[PDB]
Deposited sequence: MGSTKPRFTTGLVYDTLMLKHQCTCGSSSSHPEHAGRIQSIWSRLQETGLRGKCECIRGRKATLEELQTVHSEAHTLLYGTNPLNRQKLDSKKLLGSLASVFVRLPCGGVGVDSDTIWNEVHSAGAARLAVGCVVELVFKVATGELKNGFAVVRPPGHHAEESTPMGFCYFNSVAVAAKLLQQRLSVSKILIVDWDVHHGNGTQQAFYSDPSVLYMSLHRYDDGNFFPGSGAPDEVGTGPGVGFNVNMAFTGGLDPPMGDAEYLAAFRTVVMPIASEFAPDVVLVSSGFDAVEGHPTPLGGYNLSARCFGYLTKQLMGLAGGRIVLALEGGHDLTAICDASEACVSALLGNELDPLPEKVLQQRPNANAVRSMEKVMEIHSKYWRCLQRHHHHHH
């Protein structure tokens, strides 16, 4: 298989759909991945990528993160939740991510983008929430640990909501660095978790980084604020950690056009191209992006285009607001205790 960008998609993930078939009444809908896929087709980006076949995760693979009971309950269906197809679709999302992750980790592909639903980052050990059932990215990381002896994994979560599930999965593990940029507003946004002072536990202390933006939408966060977060917090810590593989929980709901509580921020789709490019400089370019949140179809299609374009190696000022500066300072202050690059902050 050609050493280029990988894509994974599967039409059976469209069948995690309520029988009413409405986008309106359920914002995590089939049209999210359908629209991204055709956008990558239309722009000729699919033709420059290796499109790999996906599969269902085994119950055993799901049990690297979730309890047996949870994997039986949402991973099998004897006689939104589609009573026929959701169990299969949720398993497909995990297995598609896993397949792409391994091809990149082994050197078979350069990098990749997983066009998957339902999303994963809110799913805890025994609890689904936020339209997530199994944590696809966490399962893929665990499998890298158990089947490829990957010593250091960076998980970057740039979905605008905190990935409570992923934080839980690796909270005591120093070999996985979980790094979330999210709207936090002192605990008063969705889900409500992800404080800057949650740094990990036991051997994992210092290896959970919550880049929690606080101060609400006054003014709302934008390109300059995320670029500054990347320059002052994300990349210094990510570089010092020196990961062997990068996984990105890539929600696009920070993009302009997501009203609160689905978003509230003013990132441009282009900015995600620039963030992707910055993460590609780590881990010998071994990076996989998996779709998490993001609702508005033009926003997520634009941001996907810019990420996949950046992954292929193509190409395409302002001070950060006082709320953002205060937020970054709170994080740097906490993490000065654990990271040499922030010792003097």
{"query": "Regions of the deposited sequence not represented in the model", "finding": "1-5, 85-116, 354-361, 391-395"}
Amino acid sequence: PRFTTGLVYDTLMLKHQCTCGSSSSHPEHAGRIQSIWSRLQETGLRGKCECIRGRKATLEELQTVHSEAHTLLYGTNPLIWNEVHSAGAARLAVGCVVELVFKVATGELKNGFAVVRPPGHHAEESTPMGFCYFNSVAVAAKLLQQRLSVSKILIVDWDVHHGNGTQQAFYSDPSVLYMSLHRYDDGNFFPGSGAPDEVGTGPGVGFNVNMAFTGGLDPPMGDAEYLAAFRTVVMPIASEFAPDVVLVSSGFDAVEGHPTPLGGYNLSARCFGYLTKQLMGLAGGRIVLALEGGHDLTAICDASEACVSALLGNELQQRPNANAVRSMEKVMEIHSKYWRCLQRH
From here on, numbers count along this sequence of modelled residues.
| query | finding |
| --- | --- |
| Mean Cα B-factor comparison, 166-174 or 225-233, giving the higher one as deposited | 225-233 |
| Between the two ranges 241-249 and 103-111, the one averaging a larger CA B factor in the entry | 103-111 |
| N266, C-alpha B-factor rank within chain (lowest, middle or highest third) | highest |
| Assigned third (lowest, middle, highest) for the C-alpha B factor of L217 | highest |
| Third of the chain's Cα B-factor distribution that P118 belongs to, per the entry | lowest |
| CA B-factor placement of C96, once the chain's modelled residues are sorted into thirds | lowest |
| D186 CA temperature factor, ranked by third within the chain | middle |
